[PDB]
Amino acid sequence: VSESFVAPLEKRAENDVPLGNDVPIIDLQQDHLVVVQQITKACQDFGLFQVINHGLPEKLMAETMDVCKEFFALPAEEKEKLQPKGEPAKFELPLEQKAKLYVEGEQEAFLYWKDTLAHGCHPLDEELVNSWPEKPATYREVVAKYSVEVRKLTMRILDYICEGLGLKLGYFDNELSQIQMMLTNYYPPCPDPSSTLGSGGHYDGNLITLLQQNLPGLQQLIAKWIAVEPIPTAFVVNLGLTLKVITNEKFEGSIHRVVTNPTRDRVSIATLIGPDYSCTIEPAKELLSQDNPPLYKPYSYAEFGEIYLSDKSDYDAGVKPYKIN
């Protein structure tokens, strides 16, 4: 592989990462209180769980994976239409909601073995959808339906979380969930998987992420890495750094990475829901007391975003400046 993609020695993945047998798989068609309790335990102990029988149509999940794979099968001349000034966009502010192809890495500067299609999904209007990919022909109609359904499921999970925390229902149904970035991640086969990463270890900076996958490669840090079993009809729920802060660390954030494969490609669909850049983030005042003092001072999501996207010296470098007590 090009030296551009060689990860620092300490960040390279070992070849035999064990299956995470303790990753919670939560059936959302259990009794209401059982679902609340199981989600609450998973958020407190792990910060990563899968949801099944989640009410999002399996046919739509399959049709969305199909059109996402079809997009990444498009020729160069079509993909160039999503490369501003002839190259992929960077994950930096301002993060625009129009569709672009993105490159990502860390500055021992190296690049992730990954192509990402990203666009906003909320609110859905003619202007936003007109800024989505023109090809494949069915991308817009399928992904419009998918984005509405994934948001519906995310808001159900956030209200289960509200009941678990003792927050009012709809606590996150506001500016805290206003941004919905859909990241379609393409991992082509890699000649040297021992030296590269599809995605370096990270928290998602946002509130909550739902991830759809068909093939292995996703791993979680529990200094022990575990493999997250692909269930094609499930969503992986990753709690973000923003929810870790708002819950005053009552909930864990998911630290995860993606490893490369020498033989086959992989497509994942990540729906990243979180605050508008104008938001002020702080521990929920409703949960604070002399026994539970705030561990973070209030901060600008925009200010956090700039640090989160640039400083990868530590997983929580984004929130380090705002730590108190």
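Numbers for residues come from their place in the sequence shown, where the first is 1.
(message) Residues without coordinates, deposited sequence, stretch from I222 to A223: is the count none, 1 to 3, 4 to 9, or 10 or more?
(response) Per the record, 1 to 3 deposited residues are absent between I222 and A223.
(message) Missing residues between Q107 and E108 in the deposited sequence, please: none, 1 to 3, 4 to 9, or 10 or more.
(response) Gap between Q107 and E108: 1 to 3 residues without coordinates.
(request) Name the higher of the two by mean Cα B-factor in the PDB entry, 236 to 244 versus 133 to 141. (result) Of 133 to 141 and 236 to 244, the stretch with the higher C-alpha B-factor average is 133 to 141.
(request) Could you check the entry and say whether 212 to 220 or 92 to 100 has the higher mean CA B-factor? (result) The deposited B-factors put 92 to 100 ahead on the C-alpha mean.
(message) For the CA B factor values reported in this entry, which option in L183, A73, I255, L167 has the top one?
(response) Max CA B-factor in the entry, restricted to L183, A73, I255, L167: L167.
(message) Highest recorded C-alpha temperature factor, please, choosing from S300, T271, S289, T64.
(response) Largest recorded C-alpha B-factor: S289.
(request) Would you mind ranking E80 by its C-alpha B-factor against the rest of the chain and naming the third, lowest, middle or highest? (result) Middle third - that is where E80 ends up once the chain's C-alpha B-factors are sorted.
(request) Would you mind ranking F46 by its C-alpha B-factor against the rest of the chain and naming the third, lowest, middle or highest? (result) Answer is highest: the recorded C-alpha B-factor places it there.
(request) Pull the Cα B-factor of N53 out of the PDB entry and bin it into the chain's lowest, middle or highest third. (result) Lowest third, going by the recorded CA B-factors of the chain.
(message) Based on the deposited C-alpha B factors for this chain, I'd like to know if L124 is in the lowest, middle or highest third.
(response) Tercile = highest for this residue's CA B-factor.
(message) For the chain shown, is the CA B-factor of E229 in the lowest, middle or highest third of its modelled residues?
(response) Top third by C-alpha B-factor.
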